[PDB]
There are 6 protein chains.
Amino acid sequence: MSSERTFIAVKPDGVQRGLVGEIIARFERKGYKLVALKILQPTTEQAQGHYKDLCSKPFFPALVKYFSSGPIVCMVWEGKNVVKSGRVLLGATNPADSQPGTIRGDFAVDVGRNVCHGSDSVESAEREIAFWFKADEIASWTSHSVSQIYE
Amino acid sequence: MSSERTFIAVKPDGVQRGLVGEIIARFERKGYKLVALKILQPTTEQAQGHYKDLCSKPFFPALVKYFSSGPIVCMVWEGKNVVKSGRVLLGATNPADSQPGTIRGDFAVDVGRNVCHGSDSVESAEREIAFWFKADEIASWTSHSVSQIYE
Amino acid sequence: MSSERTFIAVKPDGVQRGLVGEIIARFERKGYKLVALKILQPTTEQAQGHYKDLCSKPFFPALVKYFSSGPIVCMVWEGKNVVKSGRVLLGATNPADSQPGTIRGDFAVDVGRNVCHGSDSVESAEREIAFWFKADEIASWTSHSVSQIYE
Amino acid sequence: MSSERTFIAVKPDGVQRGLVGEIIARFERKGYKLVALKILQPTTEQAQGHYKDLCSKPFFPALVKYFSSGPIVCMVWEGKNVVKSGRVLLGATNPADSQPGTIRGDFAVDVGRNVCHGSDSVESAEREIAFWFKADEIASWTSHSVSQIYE
Amino acid sequence: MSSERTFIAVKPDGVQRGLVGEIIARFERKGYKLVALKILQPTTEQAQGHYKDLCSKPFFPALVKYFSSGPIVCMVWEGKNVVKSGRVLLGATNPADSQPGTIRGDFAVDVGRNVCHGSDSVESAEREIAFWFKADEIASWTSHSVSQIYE
Amino acid sequence: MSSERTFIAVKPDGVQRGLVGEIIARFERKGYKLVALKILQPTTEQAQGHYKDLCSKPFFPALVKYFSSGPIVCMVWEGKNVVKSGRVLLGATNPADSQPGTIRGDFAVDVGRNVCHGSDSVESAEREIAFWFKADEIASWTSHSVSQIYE
Ligand SMILES: Nc1ncnc2c1ncn2[C@@H]1O[C@H](COP(=O)(O)OP(=O)(O)O)[C@@H](O)[C@H]1O
Ligand SMILES: Nc1ncnc2c1ncn2[C@@H]1O[C@H](COP(=O)(O)OP(=O)(O)O)[C@@H](O)[C@H]1O
Ligand SMILES: Nc1ncnc2c1ncn2[C@@H]1O[C@H](COP(=O)(O)OP(=O)(O)O)[C@@H](O)[C@H]1O
Ligand SMILES: Nc1ncnc2c1ncn2[C@@H]1O[C@H](COP(=O)(O)OP(=O)(O)O)[C@@H](O)[C@H]1O
Ligand SMILES: Nc1ncnc2c1ncn2[C@@H]1O[C@H](COP(=O)(O)OP(=O)(O)O)[C@@H](O)[C@H]1O
Ligand SMILES: Nc1ncnc2c1ncn2[C@@H]1O[C@H](COP(=O)(O)OP(=O)(O)O)[C@@H](O)[C@H]1O
């Protein structure tokens, strides 16, 4: 099911600690396709609508203030199982339950500063993709390698 | 039990995607000993006898055609627990159930293209070793490091 | 002087070979600040204008058509001497004159498939950046580690 | 709980196989703080008091002789959850039950030669810290990054 | 020109230090194509013939006996300028004149323990390859990414 | 000649950026032997004496105060030509004249924030080592792989 996409974001602490290329390179070596990319500082409202599903949690306002306080890098990747493989690569929410070899397990310590975001489902990936990206910032191309990665 | 050996093969998709040195280096850093090495294109019959145990599976013919369609790299490694440590290093059959830090978890997406093979048991390792290698292509040497890795 | 900017493009061949994060990581290690990023397929038009100042040369239309055959990743890095140093990280024009340790040194064979592009001077950086980026695609932020990197 | 510390030791086989920087770098990338460091050859008595809790095990004397036979490198690291994250990073006692991405899973084969030690609890970390280090060999400093790693 | 071939040998000291996959990876990154590989212990005879064109020199018998004290890994890589570029990846003869980024730059101290060997010219490559490999040990394949690497 | 020693210091800026293990790893790869290590904050006194032989220069007090603003990691490596080669791994004084592949090449921008320090000669090594280390802080050991590295 090769056309699946997920949205991955490096977060302000990930951008500040020099981790964007490291994380891009993990998904590249895996065989996934980068189809979208930008760096920007979310606004409060962007930070709020992105984490909309957790407005009741008492961490919410500290989260929205932190996410909107510097540049994040947004990406979209495409391939088979990219959403769930995305989350296996990122690691558990708390970097303390996160295994070595995962992004959060290798580079982060605190659940509040956990470097990177990844869609947790296909329907959520499709909603995060449409939030941050206009269709048309989404490059369509074909990897010279798809026959080495799929069939 | 230091004399155990396993057979590891990079497969056509692993060779094409430039992953042979990466995988050799993982077993090296671990402390294992490379005792055999070659690059060749299996034949249909080689591809069939190597995967002999699965002639009833409906993936078999696509597998045998894929395995025989380009060069693989065969290796044999020697050390304590090398067969089972080999399989922990390779990762689950499906690269989607495979953890980050494992060969299939780090570089592959599709079960059909999963970069590398490893004997799954000692008796199977001994049968794959004898299939691909003549005795005599098997170098005997002693690591200057065995006293740092064992005792 | 510390607000100097440079334009780095990963070429279509860099993107197709899975080099994007590797080049980003190297700029980040060296202490530079990423302020703008994107992926898109240059039209022939943008290839001609990006390379206007070389239209009279024989390779120019080969060059033109290649650069617009696939997505590229455009970047703008900030920091002190980032223009000379970007040139330095990328290595000579022609990978045959490129030292290992540089991106062309390590990754490239043909001058025609040399993976990446970097502004040759400050003037050229200013042109290529306004060329490829609108004012609102640029982030402005300050890196927490400015004091560890700049006297 | 940022002031937690743990004691990590590379062991004689880790020092001999050129693994100290690799292991220091793992804890660095994770966000932890190095607060203490030295290289020395334990004595028999140091080797015995360090592993005091296992004087009844029949491996004890081979262990104490091995630990005291060359230089180890001792370190103390500081951060939230550093003791338990330390042990997740090191891997299972036996390098054969240890996952890829962990120090013992990536570099070791034999339980008897397993490259590195890590405190297994806070009270044990505090006792190993006081055994090997005088207060005053413990540098107090503040990472320019604590606001990127915590809050 | 694109069918140029080179002979790379990892020396016994490269094999004993766990460098085999590191050197393979570097050739592969740079875009070269591996076509032949093996491990074996050179007899003194093969050491003399491999180095015939230097029998009159004082180091020659030191050289001869070392090169035949342990397994080596022989390779043949294909691509454009692969002979000059292999020399380039390996770095100067004497690691004291070798830049970091090169294999001797990064890994070697003594000219007598310089890890790896590479053909000095096309003539020499042709000789050393037919020297060390039979026609049937050579793979012939075409790399899926030929177009990303070669104009 | 094989007992030559050099003093490497990671500067406060190297420690604050998470470079300590990266620099240790590079010395270790190249085959050098670590014999002494520690972390501490130089007093202004020790900064003045470490750099006595440059008190007349204009940068000297900037230099003095920086070097004593934070912990540094001091090291002493042993091996053949380790003084010239340490200089070589670190790269030119001023990172603007430093090749990629070197520690300043890859990691540094300002001559004032150049990450690391290395003895410029054998005399200077002898001075800086007795300067920074007591006789009992030095380990003496022999590396199992001495024969793989030294003719
Ligand atoms: N207990 C908590 N304390 C502070 N911040 C939290 C907590 N749980 C979650 N967050 C912040 O909220 C983000 C979103 O949480 P959630 O969607 O449940 O996890 P995930 O990012 O792994 O899908 C986290 O990644 C973290 O930055
Ligand atoms: N469901 C499947 N679809 C396509 N190919 C498969 C499937 N299962 C296995 N194969 C191919 O068969 C190879 C051998 O399968 P098997 O021996 O069960 O796994 P393993 O290689 O992990 O021991 C796989 O590695 C894969 O290349
Ligand atoms: N002599 C040549 N033959 C073929 N292609 C060339 C030649 N010179 C340049 N090219 C191609 O066009 C680009 C020209 O830009 P140039 O000013 O020559 O240097 P740079 O890329 O180092 O800034 C290269 O990066 C390369 O892909
Ligand atoms: N079965 C065993 N055989 C030989 N040595 C062992 C064995 N179990 C433990 N040791 C040695 O003892 C050290 C301490 O054991 P223990 O404290 O239980 O494990 P850990 O180091 O993971 O906390 C081990 O790391 C290993 O070097
Ligand atoms: N002056 C010397 N002293 C000691 N050993 C040497 C000397 N020159 C060469 N050697 C050894 O013999 C080999 C000789 O081959 P050579 O033509 O000198 O260069 P290369 O290996 O760079 O092709 C080296 O790779 C090295 O191990
Ligand atoms: N011209 C200069 N301007 C500013 N700072 C300098 C200058 N020269 C040296 N420094 C600082 O002081 C140190 C001086 O030592 P030096 O003999 O110049 O070389 P090295 O560090 O390469 O041994 C440097 O490492 C650097 O941080």
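Letters go in sequence order (proteins before strands), and every chain restarts at 1. Atoms within a ligand are numbered from 1 in the order they appear, just like the ligands themselves. Values reported hereafter were calculated over all heavy atoms of this structure, with side chains retained and with hydrogens, waters and symmetry mates removed.
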- Item | Separation between CD of D:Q48 and NZ of D:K65, rounded to the nearest 0.5 Å |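 Reported to 0.5 Å precision, the distance equals 13.0 Å.
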- Compute whether any side-chain donor of one residue and acceptor of the other, for A:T6 and A:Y32, lie under 3.5 angstrom apart.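 No.
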- Are the aromatic rings of D:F27 and D:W77 close, with centres under 6.0 Å apart?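 Distance test on ring centres: under 6.0 Å, yes.
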- Contact partition for E:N94 relative to ligand 5, non-hydrogen atoms under 4.0 Å: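 Neither; nothing of E:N94 gets under 4.0 Å from ligand 5.
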- Task: Around atom 2 (C) of ligand 5, find the nearest protein heavy atom and jot down its residue, atom name and distance.
- Result: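 Here the nearest protein heavy atom works out to E:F59 CD2, 3.6 Å.
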- Sub-4.0 Å heavy-atom approach of D:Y51 to ligand 4: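 The answer is yes: ligand 4 sits under 4.0 Å from a heavy atom of D:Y51.
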- Task: Kindly write out the residues that satisfy ring pair (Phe, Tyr, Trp, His ring centres under 6.0 Å) with D:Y66, not counting sequence neighbours, or none if the list is empty.
- Result: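 So D:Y66 forms no ring pair (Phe, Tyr, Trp, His ring centres under 6.0 Å) with any residue.
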- Name the one of A:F59, A:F60, A:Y51 that satisfies ring-ring contact (aromatic ring centres under 6.0 Å, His included) with A:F67?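 Of the listed residues A:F59, A:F60, A:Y51, the ring-ring contact (aromatic ring centres under 6.0 Å, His included) partner of A:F67 is A:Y51.
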For [X], take its heavy atoms, then give the atoms of ligand 1 lying under 4.0 Å from any of them.
| X | answer |
| --- | --- |
| A:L63 | 12 (O), 27 (O) |
| A:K11 | 13 (C), 24 (C), 25 (O), 26 (C), 27 (O) |
| A:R104 | 20 (P), 21 (O), 22 (O), 25 (O) |

- Query: Could you give all pairs that pass the salt bridge (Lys or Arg N to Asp or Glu O under 4.0 Å) test and reach residues 109-131 of chain E, with sequence neighbours left out?
  - Reply: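 Listed once each, the pairs are E:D110-F:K80.
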- Quick one: does E:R113 get within less than 4.0 Å of ligand 5, heavy atoms only?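 False for this residue.
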- With atoms numbered from 1 as shown, which atoms in ligand 5 lie under 4.0 angstrom from a non-hydrogen atom of E:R87?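 The list of qualifying atoms is 20 (P), 22 (O), 23 (O).
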- Considering A:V115, A:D120, A:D110, A:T93, which one's heavy-atom position lies nearest to atom 18 (O) of ligand 1?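 Shortest heavy-atom distance from atom 18 (O) of ligand 1: A:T93.
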- From A:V111, A:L54, A:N114, A:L90 - option closest to atom 17 (O) of ligand 1 by heavy atom: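 Residue with the shortest heavy-atom distance to the ligand atom: A:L54.
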